[PDB]
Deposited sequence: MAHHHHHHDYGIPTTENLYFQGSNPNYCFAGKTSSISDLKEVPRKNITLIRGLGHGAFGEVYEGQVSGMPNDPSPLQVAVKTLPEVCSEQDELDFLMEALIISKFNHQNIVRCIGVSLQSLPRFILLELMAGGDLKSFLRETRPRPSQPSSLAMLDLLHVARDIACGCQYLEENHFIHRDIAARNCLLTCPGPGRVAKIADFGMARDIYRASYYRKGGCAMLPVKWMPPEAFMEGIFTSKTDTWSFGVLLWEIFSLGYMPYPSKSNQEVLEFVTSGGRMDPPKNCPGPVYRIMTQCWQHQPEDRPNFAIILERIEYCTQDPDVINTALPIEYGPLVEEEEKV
């Protein structure tokens, strides 16, 4: 059986907390490859399933993601409650994040004439800070995520006390051991999509794109551009414009994350400091978000 190494020590399937299948109840679906359910073990969980019709490589991928998530310990990375791998279909049990994924949340919670104050700049800055703290933890533990993006982040709840967390680690799992059209090229720096070079500064660039996602309130990056068009755009020095109403200090964090040379981009300690300074600036947090009519 395959092993996984993180933060010093090695782990195996035997290290995963196997939860008796009889102790697990599925409640409802929550919406690719394999289904997700709300469940109970009482402890409320999200249940990620492996389809019984799958390849041996699918099985190993599933095992590896379980090992990866179970080995993290940080408040801004989703918790793994355990697994149920000894019954079929196989389960991974995660912290239930009632707020759902960040991209969907931003789109469905955009300020509206019905909900004029559904969200403010400070809410967005807090989400950005949460994920940046998660990224800093990964960076200081030498883990490269490779796919930092709104679709891969979850929220504990829709309301004001919400906390954002990095939740999907499928790309990192694949590389740890696919095709061009499935690569998240719109979140990738030049050296990543050209040379296949990944470092912590890969995630910095991706975080810049996430920031754009956040302050655009859930738009797809590089509006109207295809993957190849973005590849050529970014390679030639092109960068996204500020999202609608985006404060200049926030846009500046994005453009620093998108420096062409990785050495010129900030690490996550610096990004955190700059996000913190934005949260302090009245001219930033007093800026009204656009109201979608």
field: Deposited-sequence stretches lacking C-alpha coordinates, listed in sequence order
entry: 1-23, 55-56, 67-74, 211-216, 333-342
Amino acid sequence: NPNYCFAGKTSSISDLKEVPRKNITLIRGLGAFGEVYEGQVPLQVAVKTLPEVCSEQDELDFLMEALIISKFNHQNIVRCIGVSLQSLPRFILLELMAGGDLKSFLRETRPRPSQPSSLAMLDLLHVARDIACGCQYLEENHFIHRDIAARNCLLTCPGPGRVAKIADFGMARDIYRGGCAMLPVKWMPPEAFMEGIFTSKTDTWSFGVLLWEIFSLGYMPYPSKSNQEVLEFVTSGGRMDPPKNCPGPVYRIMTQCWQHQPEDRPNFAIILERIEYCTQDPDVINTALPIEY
From here on, numbers count along this sequence of modelled residues.
statement: Ranked by mean Cα B-factor in the entry, 273-281 and 11-19, top stretch is 11-19
- prompt: Is the mean CA B factor in the deposited entry higher across 165-173 or across 205-213?
  reply: 165-173
Residue, from 82, 178, 100, 189, that the PDB entry assigns the highest Cα B-factor: 178
- line: From the entry's CA B-factor values, the highest among 141, 86, 152, 73 is 86
message: Going by the CA temperature factor in the PDB record, which third of the chain does residue 30 belong to: lowest, middle or highest?
response: highest
- request: Using the B-factors in the PDB entry, rank residue 253's C-alpha atom against the chain and give the third, lowest, middle or highest.
  value: lowest
message: Taking only the Cα B-factors deposited for this chain, tell me whether residue 193 sits in the lowest, middle or highest third.
response: highest
message: Is residue 95 in the lowest, middle or highest third of its chain when residues are ranked by C-alpha B-factor?
response: lowest
- prompt: Hey, what third does residue 123 fall into on Cα B-factor, ranked over its chain?
  reply: middle
